[PDB]
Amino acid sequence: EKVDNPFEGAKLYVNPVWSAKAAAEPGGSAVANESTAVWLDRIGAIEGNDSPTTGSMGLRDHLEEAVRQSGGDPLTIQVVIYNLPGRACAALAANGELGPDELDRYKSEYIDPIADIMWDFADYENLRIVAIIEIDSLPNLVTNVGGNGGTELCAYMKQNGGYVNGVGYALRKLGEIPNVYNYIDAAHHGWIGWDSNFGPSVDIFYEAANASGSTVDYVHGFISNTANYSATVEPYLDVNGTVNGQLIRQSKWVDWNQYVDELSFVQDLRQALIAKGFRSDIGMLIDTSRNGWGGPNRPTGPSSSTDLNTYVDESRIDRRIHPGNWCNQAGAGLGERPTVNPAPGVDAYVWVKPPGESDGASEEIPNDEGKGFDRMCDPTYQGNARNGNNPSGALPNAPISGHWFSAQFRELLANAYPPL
């Protein structure tokens, strides 16, 4: 009874809090009426906490504003569910208020009040709520547990079931509401694109969909590239191709990945998920908030070079040093503006990470948000295992994650692709 694609035939919510911030930047009015997802990054964001990350509007305020903007007609608002116990276990930049052992509080004081408020809007037939479920969670339990270079926190979160059970609980509690459309976060190709990660990610997504009373029927789809920068399509790069003998996969950039972009990745992932037992009518989202890679540095065509790495590095639109470089990435541009069904199996391109909001502090900044200083956000950081021992590529003088980052907004705007 829920529509096949909640983005289809709907006006998109414009967040007034985000809109004002964009509009106050030079030239920012050009994108200030774009739809971005509303993040519930703290229990305080539910009622509203006048914070640097969520401002003066609580969830009810946003849904009232969504109803107002709708004018009676179909309108879709995206709400990011983002407060798991031991949140973001592989990193420190977006750690949260709920510790590893606080699943009970996640249920009672976070998911339950959210569900309560959403139920109050169930009488608006044309309001659609897209719930984006727990970014940067489950894939960590595949790639950051055991072996070498993992974290004890991720190991613990796998052991105690907090991520799997927390996700299943969100899926059921929100999914049983008539106008709520759940999308599970699915990392990105430069995370779980490899053979060793792909299948196990599929399995853990299925496990979470069946935890805490959930079934696959509470899952409308999956989102990739959330708050990341991976290219939607690499127009001059073929993952299966070859440069003068040497395979594309042998390049430093691709490094045996099954994929070079998000589109091929989510289309294959969609098929795997259906095969695993997810509904055949699931659809994929791609966060294109920051993946346009436009401006003067954008390749205008494939390289003429016959050397493998030279060809790949000159041909790729994603210009990062390493695909594992995730924080405040230097040179990034706004990607495709939100678009309905742009490609086979894709419900929408969307702006989930709101452009101009930081990925993390570039230094030690005191806060009550539970957020530490992650060195992957430090421009001077020389890397580790999970990035091939490379410089971080992160922008200097960055504020706490979610805080307004003028310099990043301005560069994203300048590097928009397609141009504005």
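Residue indices: 1-based, along the sequence shown.
When the mean C-alpha temperature factors of 161-169 and 269-277 are read from the deposited coordinates, 269-277 comes out higher.
Two stretches are in play, 92-100 and 297-305, and the higher mean C-alpha B-factor belongs to 297-305. For the set 112, 261, 336, 195, the PDB entry assigns the largest Cα B-factor to 195. Among 69, 358, 35, 51, the highest C-alpha B-factor recorded in the PDB entry belongs to 51. Residue-level temperature factors show residue 58 in the middle third of its chain, judged at the C-alpha atom. Sort the chain's modelled residues by C-alpha temperature factor and residue 17 lands in the middle third, per the entry. Annotation for residue 310: C-alpha temperature factor in the highest third relative to the rest of the modelled chain, per the entry.
Among the modelled residues of the chain, residue 287 sits in the lowest third by CA temperature factor in this PDB entry.
Per the PDB record, residue ranking by Cα B-factor puts residue 242 in the highest third of the chain.
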